[PDB]
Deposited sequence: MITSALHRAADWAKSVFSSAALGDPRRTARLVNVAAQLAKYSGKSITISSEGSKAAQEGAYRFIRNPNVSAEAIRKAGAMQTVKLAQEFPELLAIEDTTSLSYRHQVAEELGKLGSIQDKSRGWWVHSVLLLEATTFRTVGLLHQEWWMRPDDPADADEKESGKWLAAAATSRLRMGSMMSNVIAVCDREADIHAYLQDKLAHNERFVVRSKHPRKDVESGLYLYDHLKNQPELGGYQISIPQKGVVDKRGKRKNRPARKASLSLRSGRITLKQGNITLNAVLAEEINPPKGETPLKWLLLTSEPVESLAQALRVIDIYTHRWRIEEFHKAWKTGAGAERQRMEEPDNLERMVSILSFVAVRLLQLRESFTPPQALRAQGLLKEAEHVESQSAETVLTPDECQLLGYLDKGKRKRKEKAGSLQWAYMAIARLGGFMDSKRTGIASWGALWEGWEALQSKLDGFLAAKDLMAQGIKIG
């Protein structure tokens, strides 16, 4: 938030809490995180700016047997917890991804596909906290890493307990801030035991419905009972073009279209556990000749009885993609799967660090997104150089010297050409832009310095 742009400051805030059992490890962590963040996406070596000291330090740290990766992730998360004190409502977006490897260490790791696959590694189940008003990323609350065994009957616990394990960690970490938190999960979380545990702790959630369950008071499947309700009202959406590549490698187009949805809600009770909760059902009115009609059924602790309360629910769900965006920031962006440590713990400690770097990529774009001047975000020196680099390229929409102009200017330095006329640049473009602006800033300052000590330039 306040400590973001300056990588060293950022790393102190995230990591100085870490109980690694020696302040030298925590300071080292801080330094390491700092160089990696300044060089998001690149090798440790490249992050060391030619310092043999820092290179050696970084590598010694991530193979350090007194350094607990669990503790690294926990220390970051407590920072999230500290940050989250700022907000009256939060979303806790929850999902699993895989971290996949094929080098020699992969065989010491866990199953991701078939027993024979060379690609092995970890499953990580993550909780990403956003603030609920403007949806900005607060950070990681929780990650469970595990190695799936080759033999399913060697599992200590069933993988589906990951949703409850996460709840247990969030509540513990958030403490009394938990009633502030709304857990968002997809169909994998449509587990009776999971809904039950939330309600029992009086915790808050929006989980999408997969299994047809019956409502006690009507004796009907949730869907049939919800279709009985009066039309709470409607909403139309725009579905954006994209290409599509199926599981067998087959490519098709998905042309943009506009769909319109009828919304309904109701209070519902489930046979199992005699647990009561609410549910919203959005369904498409008159879909075109040959397309899957849209259909969302959402299970929620949240109020649903007014049209607006129900839209709050839909839109809380519409932000679920954000956890995938983190996964992409972790992998493609920060380089989790590009690492090549030769031992599991080494690979873990590194990739642990990289998860908070990932979050910061997200937050960097978010730091520029939202009315007034560029000076609120950039330094005076940053502000002038950007103005020079951008000369001519500024569009008429953009108020001169505004934070909106600063967003675009950086995006353009990152390569952004708005190919879909949406105005929105990827976090990847913003990062390249920021990094470019920062790199050109070295030269700018170097001239300033020399010019300040009375030396002629060129």
Which regions of the deposited sequence are unaccounted for in the modelled residues, listed N- to C-terminal? 1 to 2, 373 to 389
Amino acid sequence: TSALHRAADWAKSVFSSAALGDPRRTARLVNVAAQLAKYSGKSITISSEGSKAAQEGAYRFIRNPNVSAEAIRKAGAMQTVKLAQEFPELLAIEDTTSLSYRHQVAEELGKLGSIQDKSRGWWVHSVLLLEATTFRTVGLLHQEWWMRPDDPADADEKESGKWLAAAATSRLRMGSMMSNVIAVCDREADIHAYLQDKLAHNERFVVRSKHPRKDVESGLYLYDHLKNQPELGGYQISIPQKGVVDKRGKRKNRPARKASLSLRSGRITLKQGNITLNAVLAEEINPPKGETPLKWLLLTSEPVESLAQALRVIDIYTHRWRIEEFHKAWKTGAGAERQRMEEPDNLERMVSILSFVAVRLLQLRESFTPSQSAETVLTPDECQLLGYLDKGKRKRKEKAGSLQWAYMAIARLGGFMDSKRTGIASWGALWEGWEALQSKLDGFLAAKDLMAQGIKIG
From here on, numbers count along this sequence of modelled residues.
Of 418 to 426 and 399 to 407, the stretch whose C-alpha atoms average the higher B-factor in the entry: 399 to 407
Mean C-alpha B-factor comparison - 218 to 226 and 328 to 336, higher one: 218 to 226
Per the entry's Cα B factor values, which of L130, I316, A189, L385 stands out as the maximum? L385
Just say lowest, middle or highest third for the CA B-factor of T369 relative to the other modelled residues in its chain. highest
Quick one: classify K42 as lowest, middle or highest third of the chain based on its Cα B-factor. lowest
Among the modelled residues of this chain, does the Cα B factor of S301 put it in the lowest, middle or highest third? middle
Would you mind checking where the Cα B-factor of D156 ranks among the modelled residues of its chain, as the lowest, middle or highest third? highest
Consider only the C-alpha atoms of the modelled residues in this chain, order them by B-factor as the entry records it, and name the third containing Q116: lowest, middle or highest. middle
